[PDB]
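Encoded as structure tokens, the following chain is the form deposited in one PDB entry, with no partner shown.
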């Protein structure tokens, strides 16, 4: 063939440099980088720089960056689908894993691999059909992903005897396998009456991962091409955001005992199922729709100002606004607004107009009110409304979509954990009596 290197080969090429870097860092093992206070122990380790995460670093001025690249750089450089304006999550995965921007051709081949591996074993379909209708969607998703450990090459290879230096390779194979399957699993959660059909439907192997996901959700075809772009963008933007969030961290933690990627990301998803991790986009949507109900579709800047002041004076927060460290709007938020800017039907939607207006007014109001640090919009300010605009109006399932995206980054780090030989995560506990002394 006329073939450029595949993803596994591209990864293999950059492993030696990273192992060398690791070796150099290890020579500085004894260097002090912070202090531990009582506050860190009782406060969930907040502020405590205590884990490794390679692919993403939060810049206080530019927001989240992937191997030093801004969201804007990624939108410019990362390949797109066969039609459409937005970066592909598969391309983002390539970047996160290798540190490099793939060619369009490399991405096409990776997309085909993902489409070919998207089928599910019969027992997974049977398992999903056993679930009561009322079982929470994130419980369903977590369980089904764990159940896919029957397909784990890492689990079997480890049991048979496998050298430490090769742990990464079956870890990589399982990660690609999970990535390929998880959209289909998510669609079965979305469409519980149609497991037999959705569970076995053949996918166009020349289409991208997001397109195929959209098809399994019942939104395929050329008439849904804007949604395809939204979904690509969403899945790419939410893929990774450092190691400290619960889903990323839990995946690393369970993986560090050498549980395979299916078991490990299932733990991640159980964390994402927590109300303090997975509900932000839902909260914003509800808040926006309630604001629209009160002030209408025709309102002044003063009406918006007044609504914000009323909310704050009543002791309530504006969701989707505020950060501990980031001093500007979340660049993931701006990318969603950039997506919207070229679509007139979105710009005409009053609910989207309200998101935009709020983004132009709320920061100054919140600043003046003085209780919220760095009161700029985050990505959750816009994601829910855009899904809602395209007819995805069951907010309960927005965490499921988040779960699909959030496979990307943690799986990348799990592969690097195994490439480098990182050990079991094992902090030390202490009781309250021991802190009193």
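Numbering follows the first chain given and starts at 1. Shifts are known only where both forms have a C-alpha. Only the largest set of C-alpha atoms that superpose within 1.5 Å between the two forms is called the rigid core.
The same protein also has a form deposited in another entry, omitted here; what follows describes it.
Enquirer: Hey, after the core superposition between the shown form and the other one, which of 190, 299, 131, 167 has the C-alpha moving 2 angstroms or more?
Expert: Single hit from the list, 299.
Enquirer: Is the C-alpha displacement of residue 315 equal to or greater than 2 Å between the shown form and the other one once the rigid core has been superposed?
Expert: Residue 315: C-alpha displaced by 2 Å or more between the shown form and the other one.
Enquirer: State yes or no: after fitting on the rigid core, is the Cα displacement of residue 225 between the shown form and the other one at least 2 Å?
Expert: No; residue 225 is a residue whose C-alpha shifts by less than 2 Å between the shown form and the other one when the cores are overlaid.
Enquirer: For residue 60, is the CA shift between the shown form and the other one at least 2 Å following rigid-core superposition?
Expert: The answer is yes; the displacement is at least 2 Å.
Enquirer: Taking the rigid core as fixed, pick out the runs of 3 or more consecutive residues whose CA atoms all shift by at least 2 Å between the shown form and the other one, and give them in sequence order.
Expert: Runs found: 59 to 62, 286 to 329, 353 to 377, listed by sequence.
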